[PDB]
């Protein structure tokens, strides 16, 4: 019996079948309910945003609206996969540092609302490390709603050393929307935010040295690149292409006092005892859509090398498919001949 693999993202759900090398269903983690009264999920809800109120049930990777989350899972099983959840094992992912009470609520819903026969809950960052072929490393997982640095030793996350950033892709989308007002663009609506998100993914990159890139981008127009809006107008973006993702390293750009992602990775490694830090520094694994910027790995290598003791050998790993590395790790794990020994069955749960 083939397990179903569901990665519950703040921004997008990734869903598919164990044994596939990529999720067959990717859709926005959005629930729309009538403005004047039924629920619509994902892409359906975005096309009917005029008659619906749109909500995000997963905030910063944590489920915070359980009624709407159940609509998302129902949509995943019935409208995306067309699978009977009561007839498949299910691997669900959870954020690092997800409270045990949240896990238990998700377990209760899977077993008592969807009647799943067996399930396993996996930590997202751990699945990404496995998908990179590693048992030890530090995973930098940056999604739409949350970023985490997760040290992992010999297969197990070190909870005391995990660090969490509210800074992720949605903040960078909003920051691009903001700084584009310097050129006269006024993107503000929810639908225009989607367009800006796409502008961000197509045109942004991470500077190797921000100050030097400001200088070279000022000296000519080579920085400028174009993007065709859906109405056919062409937009031109200049140094916004690298100033937007620069917030990952300088959250003060966003009005945040938080440490940037290089500092956070360094602090996370320092929480682990000295004897395993070299294995972490040599296995910094990038995960998630917001790590997809061109230039991230070379820039991260520079900045962590500056911070870390010079005896440490810094190695930043940027897997090409890292956008879905969580889901792929879940696909591998739940295909293994030993998966049936790791899961919790409905009969066990119902009699606990």
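Positions refer to the first chain, counted from 1.
Visitor: How many missing residues of the deposited sequence lie between residue 37 and residue 38 in the entry, grouped as none, 1 to 3, 4 to 9, or 10 or more?
Guide: Gap size class: 4 to 9 residues without coordinates, per the record.
Visitor: Out of 324 to 332 and 340 to 348, which one has CA B-factors that are higher on average in the deposited record?
Guide: It is 340 to 348.
Visitor: For the stretches 155 to 163 and 210 to 218, which has the higher mean C-alpha B-factor as given in the deposited record?
Guide: Result of the comparison: 210 to 218.
Visitor: Hey, out of 260, 133, 232, 282, whose CA B-factor is highest in the deposited coordinates?
Guide: Top of the list by C-alpha B-factor: 232.
Visitor: Out of 99, 143, 137, 245, which shows the largest CA B-factor listed in the entry?
Guide: Top of the list by C-alpha B-factor: 99.
Visitor: Is the Cα B-factor recorded for residue 314 in the lowest, middle or highest third of its chain?
Guide: Middle third.
Visitor: Lowest, middle or highest third of the chain for the C-alpha temperature factor of residue 47?
Guide: Residue 47: CA B-factor falls in the highest third of its chain.
Visitor: Lowest, middle or highest third: where is residue 56 by C-alpha B factor in its chain?
Guide: It belongs to the highest third of the chain when residues are ordered by C-alpha B-factor.
Visitor: Can you tell me which third, lowest, middle or highest, the CA B-factor of residue 197 falls into for its chain?
Guide: Ranked within chain, residue 197 CA B lands in the middle tercile.
Visitor: Taking only the Cα B-factors deposited for this chain, tell me whether residue 65 sits in the lowest, middle or highest third.
Guide: It falls in the top third of the chain.
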